[PDB]
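Reading through the structure tokens given below for one structure.
Protein chains: 2
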Amino acid sequence: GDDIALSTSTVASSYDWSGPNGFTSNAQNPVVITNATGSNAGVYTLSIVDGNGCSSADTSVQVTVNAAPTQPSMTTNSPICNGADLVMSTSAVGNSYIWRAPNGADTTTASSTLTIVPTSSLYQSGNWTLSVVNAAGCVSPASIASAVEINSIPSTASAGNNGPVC
Amino acid sequence: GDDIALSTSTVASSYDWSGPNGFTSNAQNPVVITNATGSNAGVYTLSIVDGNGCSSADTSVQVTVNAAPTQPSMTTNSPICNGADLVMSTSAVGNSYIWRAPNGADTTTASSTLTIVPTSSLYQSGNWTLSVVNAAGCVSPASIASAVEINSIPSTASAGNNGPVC
């Protein structure tokens, strides 16, 4: 989900970079590779030409690209009455979990199960999503939203009787 | 959220600019870099050639790019009866907050909490949004709108009785 920026600290008449996917560049600051993927991993090589036209030995850097978990699922106790605890969970495995509220509130947990207290800022109805963080710090695409419906509590419709009964 | 305009005040037969992301230009007025991002930060270098073909020493300028806060959240007392104060708040942290009314009215606060008096031009129902301004003057993407519903006040449905009661 990141980019790859290549650069050199030296000074040259010309720079000549080469790498994976045909990466080609002639600058001390090559155009940044964006949305790097597995095919952008590999060895990037740089050689230079001096102020008097003499070439250098080449040097190189290994760049790898780490992957995120796949899109996780979400399940919640969605038919919920106001005042009841709201419980959300995923079967997904990761190092940490990111939970996103319908209004953008963003919290995290160390485990696959999250609970929301009725008095907190997260007790929101609507579409909730989750993403998973792995050990490399790579974050999965967000899950398909799970709708949560928080219902109101009705009145008592106070009942009567038929008056005194013989 | 800004652009980067490079320029020089001098006169030359030719100009030769270079910089981050492979920025390249041959003008006293290079094409303006728009929507500058972190990768556009760095040192831009300029050298020139004189009217008689002699080159110059190069000079350079450091340009940095500041970041905005992330998308903030919004919570409001949305089930509101007309005449009651309308209260909006965010958990977001910044130097100032920008609140945007459904009809485009635009106001600001020094803190995370805003209130609207029923008689002001902001007592509007509909979708409200917020953005956050940090110390660098950089402004976050607007929040997901929070709908506000301002309800009317019903009549009394004047009640009767069953006439004189023995």
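Chain order of the listed sequences is A and B.
According to PDB author numbering, the stretch in the first sequence is residues 1912 to 2077, in order.
According to PDB author numbering, the stretch in the second sequence is residues 1912 to 2077, in order.
We put the beta carbon where it would ideally sit given N, CA and C, even for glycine.
Nearest to residue i (by Cα), restricted to the options the options
i, options, result
"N1946 of chain B", "B:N2072, B:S1918 and B:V1976", "B:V1976"
"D2017 of chain B", "B:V1998, B:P2029, B:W2039 and B:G2005", "B:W2039"
"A2046 of chain A", "A:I1944, A:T1921 and A:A1978", "A:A1978"
"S1918 of chain B", "B:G1912, B:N2072 and B:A1938", "B:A1938"
"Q2035 of chain A", "A:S2063, A:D1914 and A:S1924", "A:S2063"
"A2003 of chain B", "B:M1985, B:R2011, B:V1943 and B:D1996", "B:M1985"
"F1934 of chain B", "B:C2077, B:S1920, B:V1922 and B:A1916", "B:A1916"
"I2061 of chain A", "A:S2069, A:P2075, A:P2029 and A:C2049", "A:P2029"
Test item: CB-CB of residue i and residue j under 7 Å
i, j, result
"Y1926 of chain A", "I1959 of chain A", "yes"
"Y1955 of chain B", "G1994 of chain B", "no"
"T2024 of chain B", "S2000 of chain B", "yes"
"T2026 of chain A", "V2059 of chain A", "no"
"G2037 of chain A", "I2055 of chain B", "no"
"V1974 of chain A", "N2006 of chain A", "no"
"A2012 of chain A", "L2033 of chain A", "yes"
Spatial neighbours of residue i in its chain, beta-carbon cut-off 6 Å, leaving aside the 5 residues before and after
i, result
"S1966 of chain A", "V1960"
"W1928 of chain B", "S1936, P1941 and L1957"
"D1996 of chain A", "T2026"
"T2019 of chain A", "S2007 and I2009"
"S1971 of chain B", "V1954 and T1956"
"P2075 of chain A", "none"
Burial state of residue i, where buried means 16 or more other Cβ atoms lie within 10 Å
i, result
"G1953 of chain B", "buried"
"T1981 of chain B", "exposed"
"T1987 of chain A", "buried"
"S2069 of chain A", "exposed"
"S1920 of chain A", "exposed"
"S2057 of chain B", "buried"
Beta-carbon contacts of residue i that lie in its chain and below 8 Å, excluding the five residues immediately before and after
i, result
"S1950 of chain B", "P1931 and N1932"
"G1964 of chain A", "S1924"
"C1992 of chain A", "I2061, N2062 and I2064"
"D1969 of chain B", "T1956, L1957 and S1958"
"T1948 of chain B", "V1976"
Cβ separation of residue i and residue j, assumed to be a contact under 8 Å, to the nearest whole Å
i, j, result
"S2051 of chain A", "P1983 of chain A", "6 Å"
"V1943 of chain B", "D1913 of chain B", "Incorrect: roughly 10 Å between the Cβ atoms, too far for contact."
Neighbourhood of residue i by C-beta distance below 7 Å, restricted to the same chain and skipping five residues each side
i, result
"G1962 of chain B", "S1924"
"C2049 of chain A", "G1912, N1977, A1978 and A1979"
"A2021 of chain A", "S2007"
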